[PDB]
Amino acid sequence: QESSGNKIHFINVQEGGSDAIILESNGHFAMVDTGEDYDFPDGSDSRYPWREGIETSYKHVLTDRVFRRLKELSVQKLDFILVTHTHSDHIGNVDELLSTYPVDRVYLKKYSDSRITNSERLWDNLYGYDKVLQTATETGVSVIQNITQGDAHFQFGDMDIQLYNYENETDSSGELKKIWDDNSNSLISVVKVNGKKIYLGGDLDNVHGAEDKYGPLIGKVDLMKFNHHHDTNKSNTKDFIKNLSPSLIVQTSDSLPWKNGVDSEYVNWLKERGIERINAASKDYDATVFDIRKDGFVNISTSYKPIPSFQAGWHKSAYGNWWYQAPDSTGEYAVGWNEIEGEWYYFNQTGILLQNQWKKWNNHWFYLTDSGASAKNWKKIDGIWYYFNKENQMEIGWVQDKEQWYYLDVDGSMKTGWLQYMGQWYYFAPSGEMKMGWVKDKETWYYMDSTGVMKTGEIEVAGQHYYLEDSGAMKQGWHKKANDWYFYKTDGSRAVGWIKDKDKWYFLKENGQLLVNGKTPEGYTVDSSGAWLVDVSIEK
């Protein structure tokens, strides 16, 4: 007849892989996935702990591109948002979209962290999933989580849409069947219009037999979105592509088909088949766009406005805060940790630079200085010395720096004075360094060995002898070792020959032992205490 047109916009990545797809049909708009969003959980909420691999790079955020395309299309409302799975690069902008546009319904299969067998593949799935459910209820939007056969087949404008892999698969106890990764759970969408079929399968893989199962059921299509961006290890199996036999494959990725490197053999196998393969990646246009005509798909991408220019660098908001647009971005702003000209800066999820504050991140403490730059090496904060390692983490415990040892307390604060560490005693200077050798604390001397350990008992250093008491304190004056008396001088050193103590003269032998009841080398007499009997005449 005469509708206003049928189009599909695959939002272009800057790099990496992410799915956001706009369906346009006779003035109706809907989305299949929504791309990566700026937002992410920082670990401050125990429900959504920080996990290695959660996306924080502006290079992977599709938010600007999604909302620019919708605005450029004069979208007033979305008939539906379909979410294929809970990965941030698919579900990311759903809540932002629900906050921005009226939405009639969201398709969202059940998820829980428990149904994923691998701890290492949880990331921020639940955070993204909860955002959809929470924001949908807050904006009045029905979430279809229990898709019936009836639900699975519906009209959208001129488009006929059929879903596959839509059921929640459960065990005897009604809890979700376990899978290796949420990719296996991908909600499949097949779109029919103007005699053309388009397959849209999110990150579908064959680990739990999904490609084996749905290949034969889906059958011949024209345009196939590649499953899972670029992967050929577990997705896009030969049987699946033979079953669908597309003339055109669109990858939502800047990468070639990939399996530990370019999968050149798979690339060639696709060519031998006459399949056209296109990457939805661009620095210049928000989307790879096809006009879906009876006589074929027309690439109309460049018929839209190019991405606007931007001024790179640091920018100051109206409220005095800082945000940043990297010169290698296409306008997307920095969030989370970002290395900028040799310093590390942390930006919150809305893109604001944090300054002059402690920040806990992935179980370590960081201090963001005046400029925002994370502290490195010694830093004095609120009157206390702290030490930050080469990775900006506040150190605790023993730290070696510039050929000296330091100890940082449990709260990061530098230790000075006495420390009992692992059953032994150490002493740190007021400037923090662990002291070796002779150290004066208050009005007592102590002797620490080469490793800083306070010594006890008799010692010899540089030809002189000292006695350290059990507490470590250097002895001064009289000391009995076994059956002999010794005298330690003011400097601690063991005396030899004649010494004067308390107006009496005492003779210490070669070996430091006190002569008692006998004659000195010159023939003087000493009493039982070793004191010289002054009245007794010299006698040789």
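All residue numbers refer to positions in the sequence shown, first residue = 1.
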Discussion item. Tell me which stretch has the larger mean Cα B-factor in this entry, 36 to 44 or 488 to 496.
Written reply: 488 to 496
Practice prompt. Give the stretch, out of 322 to 330 and 440 to 448, with the larger mean C-alpha temperature factor in the deposited entry.
Written response: 440 to 448
Discussion item. So if I compare the CA B-factors in the entry for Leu204, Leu256, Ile459, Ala136, which one is the largest?
Written reply: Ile459
Discussion item. In terms of recorded Cα temperature factor, pick the maximum from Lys504, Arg51, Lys59, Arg65.
Written reply: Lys504
Fill in: Modelled-residue ranking by C-alpha temperature factor, third containing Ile198
middle
Item to complete: Going by the recorded CA B-factors, say which third of the chain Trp123 sits in, lowest, middle or highest.
Response: lowest
Discussion item. Using the temperature factors of the C-alpha atoms in this entry, rank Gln357 within its chain: lowest, middle or highest third.
Written reply: middle
Response to the item:
For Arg69, the third of its chain by CA B-factor is the lowest
Item to complete: Ordered by C-alpha B-factor within the chain, which third holds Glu24? Give me lowest, middle or highest, please.
Response: middle
